[PDB]
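Form deposited without the ligand, single chain, as structure tokens, below.
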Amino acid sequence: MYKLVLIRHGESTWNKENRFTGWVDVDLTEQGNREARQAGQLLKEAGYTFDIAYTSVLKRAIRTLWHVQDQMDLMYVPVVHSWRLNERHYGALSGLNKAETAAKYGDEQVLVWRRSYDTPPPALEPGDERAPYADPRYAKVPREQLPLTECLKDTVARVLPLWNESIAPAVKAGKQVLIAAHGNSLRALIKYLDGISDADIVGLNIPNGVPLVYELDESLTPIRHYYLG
């Protein structure tokens, strides 16, 4: 029996505005700060501790992790910041709210995108300000691996290598691991962990700033999972 803890970042400014964010590096709102501190308090009171954390390169997830670390008195543990835990890339939808998206692309195409595991939204132009190529976060990432858009299938494909490379060996080694990330990168892990179908994973809701605990057997197969609080 191992335990692995997952948590989605607290409310971001763009969550509050119901805007597609993706790789845009927006910060937490004060509510998102509170959710993160509350999650830290919950893990602490329920007797959790961690040896290492994995997070993305996006500050909304990183700041969530900082609050959890702060509240648990774990500010000293090693942290890995991986672009592979970034939120799904939403291409040209990044920055649009629901009304704006419906207006530009029409309801039917939005419905197809919302439902389709393997159809990506319109891509960023490679020269768009929002493209990742000039960003110092991705300086060592092979250029061809950087997305200008992603369907959820793409997101899953680039999240999952972190499982065999890093998370599973750490868990098997007896490390107490925390993963502080984003709705869709957490979906990718959960998709693999619980063997969820392409069709069902699309609808899985994960709330901001609530610790999600997986209990795993010797083979890293889930026994059960639950949210704290």
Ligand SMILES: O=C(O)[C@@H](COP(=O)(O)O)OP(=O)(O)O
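Throughout, rigid core stands for the largest set of C-alpha atoms superposing within 1.5 Å between the two forms. Position 1 is the first residue in the sequence shown; the rest follow in order.
The following text describes the form deposited with the ligand bound, which does not appear among the structures shown.
Peer 1: Backbone and C-beta atoms within 2.4 Å of 3 or more ligand atoms means blocked; with that in mind, superpose the ligand from its pose in the entry with it bound onto this chain and give open or blocked.
Peer 2: Check passed, pocket reads open.
Peer 1: Where does the ligand sit in the entry with it bound: which of 74-82, 108-116, 124-132, 153-161, heavy atoms within 4.5 Å?
Peer 2: In the other structure, the partner sits against 108-116.
Peer 1: Wondering, does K191 line up within 4.5 Å of the ligand in the entry with it bound on heavy atoms?
Peer 2: No, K191 is distant from the partner.
Peer 1: May I ask you to check whether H182 falls inside a 4.5 Å heavy atom distance of the ligand in the entry with it bound?
Peer 2: Yes - in the entry with it bound, heavy atoms of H182 and the ligand come within 4.5 Å of each other.
Peer 1: Whether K98 contacts the ligand in the entry with it bound should be assessed with a 4.5 Å heavy atom distance threshold; does it?
Peer 2: So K98 counts as contacting the ligand.
Peer 1: Under the 4.5 Å heavy atom criterion, name the residues of 77-92 that approach the ligand in the entry with it bound, in sequence order.
Peer 2: Result: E87, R88, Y90.
Peer 1: Would you mind telling me which residue of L146, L96, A123, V110 shifts its Cα by 2 Å or more between this form and the one not shown when the core is superposed?
Peer 2: Going through each option, the one that shifts is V110.
Peer 1: Looking in the entry with it bound, are the Cα atoms of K104 and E129 closer together or farther apart than here, the change being 3 Å or more?
Peer 2: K104 and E129 sit farther apart in the entry with it bound.
Peer 1: Comparing against this form, do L28 and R114 have their CA atoms pulled together or pushed apart in the entry with it bound? The difference is 3 Å or more.
Peer 2: Closer is correct, given that in the entry with it bound the C-alpha spacing of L28 to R114 is reduced by at least 3 Å.
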